[PDB]
Each structure stands twice: as structure tokens, then as C-alpha cells.
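Engineer:
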Amino acid sequence: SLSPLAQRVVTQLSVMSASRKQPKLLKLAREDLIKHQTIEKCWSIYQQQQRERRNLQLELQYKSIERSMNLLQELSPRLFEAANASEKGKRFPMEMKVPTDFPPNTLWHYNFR
Amino acid sequence: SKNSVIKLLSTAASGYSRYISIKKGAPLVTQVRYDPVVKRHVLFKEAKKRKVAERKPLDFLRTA
Amino acid sequence: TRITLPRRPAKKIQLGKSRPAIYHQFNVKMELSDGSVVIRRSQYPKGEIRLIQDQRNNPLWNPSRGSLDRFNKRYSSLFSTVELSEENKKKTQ
Amino acid sequence: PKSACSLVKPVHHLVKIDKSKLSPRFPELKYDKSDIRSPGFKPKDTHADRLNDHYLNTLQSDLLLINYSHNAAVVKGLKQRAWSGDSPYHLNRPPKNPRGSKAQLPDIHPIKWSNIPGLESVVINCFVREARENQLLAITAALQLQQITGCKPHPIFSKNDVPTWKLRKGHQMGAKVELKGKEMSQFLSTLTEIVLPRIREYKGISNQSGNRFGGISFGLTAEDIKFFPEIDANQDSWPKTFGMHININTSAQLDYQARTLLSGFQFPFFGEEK
Amino acid sequence: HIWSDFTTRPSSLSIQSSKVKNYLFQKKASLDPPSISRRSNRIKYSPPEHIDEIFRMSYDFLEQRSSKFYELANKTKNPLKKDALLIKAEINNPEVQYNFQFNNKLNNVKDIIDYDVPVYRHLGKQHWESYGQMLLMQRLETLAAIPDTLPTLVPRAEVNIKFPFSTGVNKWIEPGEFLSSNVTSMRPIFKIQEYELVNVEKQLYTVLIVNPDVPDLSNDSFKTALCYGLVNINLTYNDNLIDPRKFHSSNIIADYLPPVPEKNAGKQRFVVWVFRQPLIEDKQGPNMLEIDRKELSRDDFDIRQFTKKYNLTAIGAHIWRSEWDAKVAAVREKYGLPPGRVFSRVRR
Amino acid sequence: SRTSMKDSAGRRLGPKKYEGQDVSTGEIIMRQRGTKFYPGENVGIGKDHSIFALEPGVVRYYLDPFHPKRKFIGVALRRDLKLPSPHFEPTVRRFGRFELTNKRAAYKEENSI
RNA sequence: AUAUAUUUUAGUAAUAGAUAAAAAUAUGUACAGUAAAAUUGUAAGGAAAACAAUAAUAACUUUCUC
RNA sequence: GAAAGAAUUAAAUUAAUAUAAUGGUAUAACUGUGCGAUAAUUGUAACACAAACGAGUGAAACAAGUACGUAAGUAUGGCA
Ligand SMILES: [Mg+2]
Ligand SMILES: [Mg+2]
Ligand SMILES: [Mg+2]
Ligand SMILES: [Mg+2]
Ligand SMILES: [Mg+2]
Ligand SMILES: [Mg+2]
């Protein structure tokens, strides 16, 4: 009927498939449904607020940069030129790592190079 | 001969019958059409017998 | 010639009744080369893993911070620089 | 059929008739997939995404600061040119195609607080070419992909036909999977930390790699996939293993911006940039 | 805690069921849902875990937001803006959501869903837009009741009709239905549910049922026929069922003549239109209007011309459509209309 | 020798009825291969894209702003009407039947169901 | 922990989306959508296998916010 | 100021159309999908086109029944 390789392929396929592995549908009572809706809506609102806060902050930073660069242009042309360069190949430093869940054994390195 | 002619005879026993063409080894062709003797849509079935290209009956019940 | 798994009749998922594939996943703790632990969701059943070779001990990811090995092991009593100076006369070439 | 003439009749009102809602056929389908009452419901925002949080906090501000060019105006792309009306044959003529290209190119905007570059989507294309002989290899590749991602793969089929490579048309051959949001972020984090350090001699992603507009890519060999922890935990379950292409799609206007963004997430870049 | 206060706020914003309210607001998931009436089913049921504390937090968050909105709402002077503020404050209230979703909107009980309350009215409007309004629009366009009678419609009020007096059965007519001559023998009952903010005391309404498809053999075309005409009707958000109780004999500009389609004349559209009156400033009370009853004719009726004359704006519509059956002759006889014509089966 | 001496006849595919021309129900206004002209007001279209009159009237060729880049043939019910008819005005309809003044005929018609 | 009995599971097989230019039901109807080429890339991949990306947002509605 | 939606504009019929070539087709006639598998049904067909006759073509309408569609309606085989 089937080889051992064929069997193992079928098993692998099954791992991915939804055939006889999935539970019943999540039914709720009307009160429960409402509670869920209120949880979700509030959360969504909170997320929107956070986005606006961050977005606003970014806008403020941009405005400050603009204000700075105009001033620099007014005062010292050479300094302005130096500031406003193409940073095409700018690379973030490899020490600035993505913050983990829990910290390492040695928290901070005081010596380098 | 690739496409043969057949006679579909009405199931409501009027005697009315309609003729159609099929491929030589096509499945048994039953169709519901108007029977004017009875004045309604009835089943038509092949009056004669003939050989068919035997397809394997696809199994929905997961075998073995 | 072509090796295949021959298909059965497909099961009709009705419109609206299609359900998203939520695979069974465990919360797995990865301890990296150093003691920094990180939680990640994973399909294989293992609550804890500790890694040997990671970005946190690779020189490319932190610049600021086995035949040769075999040779070192089995010529260890001799201790093999001074040795280079001894065995490097540059007249013959 | 009395005719094939398609011709949508005009209306006498501005109300937008959603035809789906007027039926009673698919009552489960009227609910959005986000809604709990739909069978298509899935918990989306299950836990705090770490890479995304990092981007929000540290990187995004830094990226904005990098990309500020003073009084930078919009750079319009190559577009379809109109004809000068110096002849009456120009009068209903289609426009001249773009200068260099056949297809039109997009406008490059100055980076401000709104349009800072960020990760949009990852796609993991795995086309196993031995599966022209063995269909089961495609299945194994798809499983591997699923294991790696925690996301449902989609089967790739042979779209073309060719004799030199023993390839038919309409044959299942490997799989793909578009990751988005938190799963994608996790996959990137795994790539940065676990897998790409265990490749022995890897300098980086090439600086000559990428789209012209905010898309960067690279690929992993069958040797490299054995470092993924789902694969890594058991060598025995995976005798065979398949390479893959990894298309990273950013919200970057240009490719150097996208490269910079990826560097922020600890992706090393080695080659000479364009 | 603004949503627990009911000093200034209406009673309708609360849930009237006590058990349901208790279930909503508890400190642990101990109680079982009032919705599940059966004991065995309650036993079987299991709500999702951790739902209570999070729900409480969400309530607090949205309650705070509502309170903040109310701080603005009371300072506001202009009425539409104030209403919008009120809506914003209370729309995310769980109790009002429960009330609206799970109790009838058509024949709303005032204590549960009060359409005097702005939030509930907004909810009702949204519900109407989701399905019933779209359906009505489709039936107007497909049947060709808009351009044939009255150019366009901008649906504002939800209009539902009924024929209670003829047969006995209770049924709200779905737009574009085929009703028997027995069903539509006696007059209908309207319900004009208004969702916009409008002056309830001043605003009057007119209702016109028009039959565009009565055949005129001189013209070799059709003509309109005003089958039923009411004017100067007073609506209120909750008190809105236009019945012989409400309107007086003075309000009837053309009293109900039934659908009596001729044999082979075809299917006849009867499309009720609901207009609101023009509102005059510097005049307290409801501004009436006089109709020249000799000028307007029933056997031929320019609806558009009439609208132009009295400066009406069509807010709502509904439509049924009648064709010939055996009982139309009986209906004619009852009303004292003539025998009724019979046309050739072929449209030659 | 070998000669290419073979060809089908011309399909008579002009306009069979012209602007301002009186028509009757069923009459073919256009024969064509594909919709060069689209079926306009009071006009049908056949299997061979043949425009035919649904009603008695006046054949009119026109453009409609609703369908730009499309020519139309329709049938105006009189000569007075500009057949790209006004959109929000009511549709000019033909009753097209006659009442059975004859008593017997009317009775027969009443009987027939 | 172990024995018997009575059951229950394991037949492990793909679509999870009204799917949308790999292949497959070529006539009806209902609902919905848009192709191709060329270009820039990417593990074996090379002119030629697969996947990604490549025209413009003025006005409008809703949501959050200064 | 931002997010989402509705979308609109430009371009396109160079792909695709069971099949030649031509005309048509994105408002899609092309493609996907649910139901279905019925209208690839039954009697009368006027009136046109074409046309020596024999034939050929489009087809309103009337009547019987069927399938899909919330409805409007559509279907008397296939874009021609
Ligand atoms: Mg020719
Ligand atoms: Mg062509
Ligand atoms: Mg002639
Ligand atoms: Mg002849
Ligand atoms: Mg077709
Ligand atoms: Mg075809």
C-alpha cells in the first residue's frame, strides 16, 4: 500500500493539516460577547492613543530638527553643510542589540576594542 | 466512431423520448427535461444498454 | 516515474466556516551563549533550550567585545615566537 | 445565452448598496474575521512583540534623524510622457512609455514623522527542484517552513514548462509563506540571533542586494536550516532539508534606507554599496 | 464613575434586567449567564478565562473617556454638536450596547431603547444603514420607483408600512412585495422613524402613496394616481406610528383608495413617499400649510410639481406592488368603484 | 502549380436601419461582429450582437455620458425625444395594449388564468 | 502500582479563502476581482525554473490626537 | 497631524477568450468562487436581416415546466 517514506510524508502532512486536530467553535453568551467587545474596543482605542503619542513625538522631533538646521544655515554655513550630508551607508552599531526578555550575566561591558 | 447517438426514454411512462449524442465510453446520461405528455419535468434515462469507461469510485471514507 | 501521493476527494470547506490554522505552540525559553534568556513561541515540545553558538558570542555581532585544535592537543607536551625564530633560516628559498 | 453584451446600468441614488448584506446566504461570512462570532476568528495581539517594541522605542527616532535632508523636495519617478500636440495624430494617442523603463516608477518622498521606514512583510520562498521527480519533497519542504515560522505555508506550483531542466507545468514544487506582524518579527529575531551566527563564514547580506524601492533579500542553504531550533532540536526527524529565499519587504522609499533599517535590527551588511 | 450616575442621565442607558447587570459587574466569574435559560446548558457553558478583571479595566477606561467627553458636552451650546458629544460619551457604554443589540428596534419599548436619547438614535441609524436602507434603495432603483415618480431619494427616516385593518394578520411589509387585493383592501399604517436631530414640536410631515402605473389610453402610456395623501402629521422619536388615532380628517388631502389593478394592465407599483415640512423661523408652534383641494387631482397627479409647490423634501420611502387577482372586482364593489377594465393579454 | 483560390462571401454587416427611421418591434437595426454599437434605450441585443428594436419608434444613434467611449443605438418612442434621455426625468413608456370593449372578449379574458 | 472487563480514541492525507491568471467540469445563474510584458533583486539558479517588489491621493466618511 | 475605509484618476484588452483569422470584450464577453447541472427544456413564433428557389440568420411576444438570485431579473447551449 505505502512505503515507510510515504508514511512519514503523510505524518508530516498531518502535522500541518487541520484534519481532526481542531476544537469546537468558541461560542459565547450575549453578556460575555458584550464584555469581549468592550475589552477589544477599549484596547484598540488605547493602541490608537499610543500611536498618536509616538507619532506626535516624532513630529515634534522633526520640527525641532528643522528649527535647528535653519538656525545652523543662518549662522555657520560650513557647520550646516557638515550636518546636512548624505548618510546613505549609515549602519547602526552591532552593540545596540534588540533588548532580550531577561538580561545577561554580565549586564554591561566597561572595556572595549 | 468517436461520438455515438443514444435514446433517452422518459421515466414517467408516457412513451415520449429525446435523443442526444455522447462519447463512446461516457457515463450513463440521465437528465431532467420537460415531458409534454405529462406536462412536467421528469427524469430521462437511456433505454438501451452500453459499455462504459469504468472510473474508480473516489473514496471519501479514508481507506487503510 | 514521478513519485507522488495520489489525492483523495477534497473536503468541502463551506464559505464562512473556514477556520484559521492555530497550531499548537509552547512558550520556549532560549538562554543564549551568555545568560540572557528570551521567550519564544515554538511548535516543538521543549520548555528550555540553552544555545552554544549565537550572535552574543560571535565576533561579527560584537567586534568591540578542528584540525589545528587536534594538532594542539597531540603536540601539547612539547609546547611547539621563540619556536618560529629557532626554525626560520631565510637563506634557502 | 441571448447575448454576451456586458453593460452596467446607471443608478438614481448615491447610497452604496452592499449586495452581500441583502442576501441571507452566508451569515457567518457577514461578520468580520476580527469579530469573535466569526469562525475565522484568531487572537491577534496575544503577546508584546519585542522587535517591534525596540523599533518603536530606539530605532524609529534615530532613523528619522538619519533621513532628515534639509528642505528636501519630492523626486518624481519616471512616468508615462504625454505627446506634444504638434500634430493632429497626437489627439487620442496613448502616452509615450517612460524614458528608460517600460513600466512607470514611483515618486521618492522626503522622510518625515509619517513615512519613516519600517518592516512591512517577510516572504520565505522555497522552491525545491528535486520535487520535479518527487512530489513528497515539496510536502517535506512545506512542513519545514511551517516549523520554522509557526505560520501556514502555501504550495508553490510549476508555472512554466522547460525541457533542459526536467520541469513540467502544474506540478507542486516547494512552498512559500508571507509572514506579517509578530510572527515575522519573531522569525527575524531568530535569524539574527540563532541561525545567521551559526553560518561559519558569513560576512553579511550584500549591499548590492535588493529592489530599487525598499525590498532586500538573501537565501539560506540546506546546511543553514539545521540551525533553526525546531529543526535544531531534532536532527533525526529531518534527514532531508531544503534551502530557501527570504524576501524582506520594508516601508522604505529607497533601498539604502531599508538596509539601514535592517542593520538597526542586527543584520550585518558587507558588500560595496551602489 | 459617570455611567453609574443617573441624576442628569436618562434611565434608558442602564440595563433594566437586574440579573444581567449583576452578571456584567461582578468581582469573580462565579455567576452564570442569564441568557442561558436552561440549567443543564448553564452547567455545560464555560466562559473564557480572565475575562472579568480585563473587562472591569476596559469599563473604567471607557467610563473615564465618557466622563471627559461630558466635561466638554455641557459647555457646548449649539445642539447638533452637543448631541454628537453625548453620542461619543455613551456609545461605548456596555449597558447601552446590550440594550440596543438584544432588544427590538422596530417596536422599541421606551425604557429599554429610547430614541429620544441621542446615542440610541445614532445606533438605530447605523443599524438602518447596515441593511434595511440599502434594501429599500435597491427596491426603489430596480423597480424604477425613483426616476418614474420622484427624481432621487436621500434616505433619512426609516419608513415601515403595515396593513392591519383588512385581514387581521400582523406583518411589516418588505419593500417590493406582491400583496393581494384582500391584504391592501383597507388603508395601511406607517411608521416614520427619524434618526436625525430634528425639532419634534415644530416639524410636520406629509405622506403620499402614488401609483405611477395606471394606464392612460389617450396618451398610450401611463399616468400617476395619488392613492392616499396625508399632510401636517406630527412625529415623535418614540411616538411615530401614523394611525387613524393620530391624524385627523383635516389631515387627509386624499383618503385611501385601494389598489385595483386591471386584468393584463400589468404589475402596478405603489410607492409611498414621506416628506418633511419646510420649517419657518420666528413662529412658535407647528406651522401648518393649506392644500388647494380642487387643484390637485387623483386620477392624474404630478408628484414633482406638488413637491415644488409646497417646498417638500422627501426623507423616506417604501414600496409594494399589486397586480390583478380574483378579489379586485370585489374590492371595487365594496368601494363603489366601476366594474374595472380588461386589457388584451398581448402588448401589441 | 498551386493557387490560393478560396474565400468566404461577405457577411452583410452594415447598419440595417438608420437615424430618424421608423421601426417596428423585432426589426434589426444593426448587424455586427461584437458590440461596435451597444444596445441603448428600448433596444435589445442578440446572440450575434445584432441590435433589434423592442418597441415601435424612431431609430436614434447617440453617445451617453454614463458610458464614455461607447456608441449607442436606441429607439425613441416619438420623433420629439432626444434619445440620450434625461437621467432623472421619468422613463417614456408605452402601454402598448388595448382594452377589450367587446363584452364577450373581455369575459373570455377574465375567465382565462 | 498492577490485572480483567467495558468503552473511547489512532485509518494519522493537503483546500481553512467566496480562494482570483499553476493545473483541473468548456453549457445556467449569483457574487467578486484583474491580466501581461519589462525592469531591480534573491540558496543551488545560469538567456531560460520560483518568490518578491515597481503610477497618482486632491476631495469624502469613520476613528484617534495637537 | 496620523490610522482605517470608501474609493476615484491614469494606464491597460499587448495577457485571457475550447480552436483559424478578423471584429468585440476590464461596464469585462477574461478570471475566481457559492449554488447548480437547470434553459444543451416543450407547443405557437410575429417582425426583420439576408435572399432566385431550396435553405440560412437575429428575434419581441403568448402559453407549459425548470434552475439560480434577497430582489430586479437572467437562462430556449458556448463573445461572435
Ligand atoms: Mg469575408
Ligand atoms: Mg483579437
Ligand atoms: Mg433586403
Ligand atoms: Mg426566402
Ligand atoms: Mg460564455
Ligand atoms: Mg468561448
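Protein chains in written order, with PDB author numbering: chain 2, 34 to 146; chain X, 6 to 69; chain V, 20 to 84, 96 to 110, 122 to 134; chain E, 19 to 292; chain 1, 20 to 367; chain R, 35 to 147. We put the beta carbon where it would ideally sit given N, CA and C, even for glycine.
Spell out whether any CB of chain E is found under 8 Å from the CB atom of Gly44 (chain R).
Structural biologist: The residue labelled residue 44 (chain R) in the question sits at position 10 within the sixth sequence. Taking 8 Å as the threshold, the shortest C-beta distance from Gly44 (chain R) to chain E does not fall below it.
Engineer: Would the beta-carbon of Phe129 (chain R) fall within 8 Å of that of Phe241 (chain 1)?
Structural biologist: In the sixth sequence, the residue the question calls residue 129 (chain R) occupies position 95. In the fifth sequence, the residue the question calls residue 241 (chain 1) occupies position 222. Yes, these two residues count as a Cβ contact at 8 Å.
Engineer: Can you give the Cα-Cα distance for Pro120 (chain R) and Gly78 (chain R), rounded to whole angstroms?
Structural biologist: Against the sixth sequence, residue 120 (chain R) aligns to sequence position 86. Against the sixth sequence, residue 78 (chain R) aligns to sequence position 44. Using only the alpha carbons, I get a separation of about 20 Å.
Engineer: Could you check which residue in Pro128 (chain E), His72 (chain E), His88 (chain E) has the C-alpha nearest to that of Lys94 (chain E)?
Structural biologist: For the purposes of this step, residue 94 (chain E) is taken as residue 76 along the fourth sequence, with counting starting at 1. The candidate whose alpha carbon is nearest that of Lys94 (chain E) is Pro128 (chain E).
Engineer: What are the residues of the region 32–61 of chain E that lie near chain 1, defined by any Cβ-Cβ distance shorter than 7 Å?
Structural biologist: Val33, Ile35, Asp36, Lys39, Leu40
Engineer: Tell me whether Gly44 (chain R), by its Cβ, gets closer than 7 Å to a heavy atom of ligand 1.
Structural biologist: Against the sixth sequence, residue 44 (chain R) aligns to sequence position 10. Result yes, Cβ under 7 Å from ligand 1.
Engineer: What residue range does the beta strand (DSSP E) around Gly143 (chain 1) cover?
Structural biologist: Against the fifth sequence, residue 143 (chain 1) aligns to sequence position 124. Not the beta strand (DSSP E): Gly143 (chain 1) falls in the alpha helix (DSSP H), residues 137–149.
Engineer: Tell me, please, whether the CB atom of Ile68 (chain V) is closer than 8 Å to any CB atom in chain 2?
Structural biologist: What you label residue 68 (chain V) is simply residue 49 of the third sequence in a count that begins at 1. No - not a single Cβ of chain 2 is within 8 Å of the one on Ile68 (chain V).
Engineer: Using DSSP's beta-bridge definition, name the partner residues of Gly248 (chain 1).
Structural biologist: Translated into the one-based positions of the fifth sequence, residue 248 (chain 1) becomes position 229. DSSP, once it has assigned bridges, lists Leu227 (chain 1), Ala273 (chain 1) as partnering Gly248 (chain 1).
Engineer: In this structure, does DSSP put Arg75 (chain 1) in helix, strand or coil?
Structural biologist: Position 56 of the fifth sequence, counted from the start, is the residue given in the question as residue 75 (chain 1). Helix, per DSSP.
Engineer: Our contact map puts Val279 (chain 1) next to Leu356 (chain 1) with C-beta atoms below 8 Å; I'd like the distance itself, whole angstroms only.
Structural biologist: What you label residue 279 (chain 1) is simply residue 260 of the fifth sequence in a count that begins at 1. What you label residue 356 (chain 1) is simply residue 337 of the fifth sequence in a count that begins at 1. Taking C-beta atoms under 8 Å as the contact rule, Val279 (chain 1) and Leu356 (chain 1) qualify, at a distance of about 6 Å.
Engineer: What does the alpha-carbon distance come out to for the pair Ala92 (chain 1) and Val136 (chain 1)?
Structural biologist: The residue given as residue 92 (chain 1) occupies position 73 in the fifth sequence. The residue given as residue 136 (chain 1) occupies position 117 in the fifth sequence. About 14 Å.
Engineer: Note the first and the last residue of the continuous alpha helix (DSSP H) segment covering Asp250 (chain E).
Structural biologist: Here residue 250 (chain E) refers to the residue found at position 232 when the fourth sequence is read from its first residue. Taken as a continuous stretch (DSSP letters only), the alpha helix (DSSP H) holding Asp250 (chain E) covers 247–250.
Engineer: Between the region 46–66 of chain R and the region 88–99 of chain R, do at least 3 Cβ pairs fall closer than 8 Å?
Structural biologist: yes
Engineer: Under 8 Å, do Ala193 (chain E) and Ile212 (chain E) count as touching if we go by C-beta distance?
Structural biologist: Indexing the fourth sequence from 1 puts residue 193 (chain E) at position 175. Indexing the fourth sequence from 1 puts residue 212 (chain E) at position 194. No.
Engineer: Return the chain-ordered ranges of every alpha helix (DSSP H) run that is complete within the region 36–75 of chain 1 and spans a minimum of 4 residues.
Structural biologist: 37–43, 58–63
Engineer: Is there a Cβ of chain 2 sitting closer than 8 Å to that of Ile71 (chain V), yes or no?
Structural biologist: Walking along the third sequence from the start, residue 71 (chain V) turns up at place 52. Judged by the 8 Å Cβ criterion, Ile71 (chain V) is not in contact with chain 2.
Engineer: Residues bridged to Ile11 (chain X) by DSSP?
Structural biologist: Sequence index remark: in the second sequence, residue 11 (chain X) carries index 6 (1-based). The partner list for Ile11 (chain X) (beta bridge, DSSP) reads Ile25 (chain X).
Engineer: Who are the near neighbours of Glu82 (chain 1) in its chain, counting only those whose CB is closer than 7 Å to its CB and skipping five residues on each side?
Structural biologist: Within the fifth sequence, numbered from 1, the residue matching residue 82 (chain 1) stands at position 63. Around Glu82 (chain 1): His20, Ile21, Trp22.
Engineer: Report the rounded CA-to-CA distance for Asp53 (chain V) versus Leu82 (chain E), giving the unit in angstroms.
Structural biologist: Here residue 53 (chain V) refers to the residue found at position 34 when the third sequence is read from its first residue. Here residue 82 (chain E) refers to the residue found at position 64 when the fourth sequence is read from its first residue. Roughly 33 Å separates the two Cα atoms.
Engineer: Apart from the five residues just before and just after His31 (chain E), which ones in its own chain have a Cβ nearer than 7 Å to its Cβ?
Structural biologist: By one-based count along the fourth sequence, residue 31 (chain E) stands at place 13. Closer than 7 Å at the Cβ level, and outside the excluded window around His31 (chain E), lies no residue.
Engineer: Nearest chain X C-beta to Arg27 (chain V) closer than 8 Å, yes or no?
Structural biologist: Translated into positions along the third sequence, residue 27 (chain V) becomes position 8. Answer yes: the Cβ-Cβ gap between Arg27 (chain V) and chain X drops below 8 Å somewhere.
Engineer: Mind checking if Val146 (chain E) is an interface residue toward chain 1, Cβ cutoff 8 Å exclusive?
Structural biologist: The residue given as residue 146 (chain E) occupies position 128 in the fourth sequence. By this cut-off, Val146 (chain E) is not an interface position.
Engineer: Name the DSSP beta bridge partners of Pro173 (chain E), please?
Structural biologist: The residue you call residue 173 (chain E) lines up with position 155 of the fourth sequence. Answer is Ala193 (chain E).
Engineer: Where does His263 (chain E) fall in DSSP's three states?
Structural biologist: As a first step, residue 263 (chain E) must be located in the fourth sequence, where it is residue number 245. Strand, per DSSP.
Engineer: Whose C-beta lies closer than 7 Å to the C-beta of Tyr49 (chain E) among residues of the same chain, with five residues either side of it excluded?
Structural biologist: Residue 49 (chain E) sits at position 31 when you count from the first residue of the fourth sequence. If we look at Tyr49 (chain E) and ignore the five residues flanking it on each side, its Cβ neighbours are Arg55, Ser56.
Engineer: Under a three-way DSSP split, which group does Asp242 (chain E) fall into?
Structural biologist: On the fourth sequence, position 224 is the one that residue 242 (chain E) refers to. If DSSP states are grouped into helix, strand and coil, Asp242 (chain E) belongs with the helices.
Engineer: Can you pull the DSSP bridge partners for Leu185 (chain E)?
Structural biologist: Your numbering for residue 185 (chain E) matches position 167 in the fourth sequence. DSSP lists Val180 (chain E) as partners of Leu185 (chain E).
Engineer: Is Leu276 (chain 1) close to chain R, meaning its C-beta is less than 8 Å from at least one C-beta of that chain?
Structural biologist: Along the fifth sequence, one-based indexing puts residue 276 (chain 1) at 257. It does not; no Cβ of chain R falls within 8 Å.
Engineer: Is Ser21 (chain E) close to chain R, meaning its C-beta is less than 8 Å from at least one C-beta of that chain?
Structural biologist: The count along the fourth sequence starts at 1 and reaches residue 21 (chain E) at position 3. Chain R contact via Cβ: present.
Engineer: So if DSSP puts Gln287 (chain 1) in a beta bridge, which residue, or which two residues, is it bridged to?
Structural biologist: Within the fifth sequence, residue 287 (chain 1) is the residue found at index 268, counting from 1. The beta-bridge partner set that DSSP reports for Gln287 (chain 1) consists of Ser341 (chain 1).
Engineer: Which residue comes first and which comes last in the beta strand (DSSP E) that contains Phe86 (chain R)?
Structural biologist: Counted from its first residue, the sixth sequence places residue 86 (chain R) at position 52. 85–87 is the extent of the beta strand (DSSP E) around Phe86 (chain R).
Engineer: Can a CB atom of chain 2 be found closer than 8 Å to the CB of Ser106 (chain V)?
Structural biologist: The sequence position of residue 106 (chain V) within the third sequence is 76, counting from 1. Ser106 (chain V) does not count as touching chain 2.
Engineer: Taking all protein chains shown into account, do 16 or more other C-beta atoms lie within 10 angstroms of the C-beta of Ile147 (chain R), making it buried, or fewer, making it exposed?
Structural biologist: The residue you call residue 147 (chain R) lines up with position 113 of the sixth sequence. Burial call: exposed.
Engineer: Note the first and the last residue of the continuous beta strand (DSSP E) segment covering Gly78 (chain R).
Structural biologist: Here residue 78 (chain R) is taken as the residue at index 44 of the sixth sequence, counted from 1. Start and end: 77–79.
Engineer: Please work out which residues of its chain come closer than 8 Å, Cβ to Cβ, to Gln55 (chain R), disregarding the five sequence neighbours upstream and downstream, and give them in chain order.
Structural biologist: Here the question's residue 55 (chain R) lines up with position 21 in the sixth sequence. If we look at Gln55 (chain R) and ignore the five residues flanking it on each side, its Cβ neighbours are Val92, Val93.
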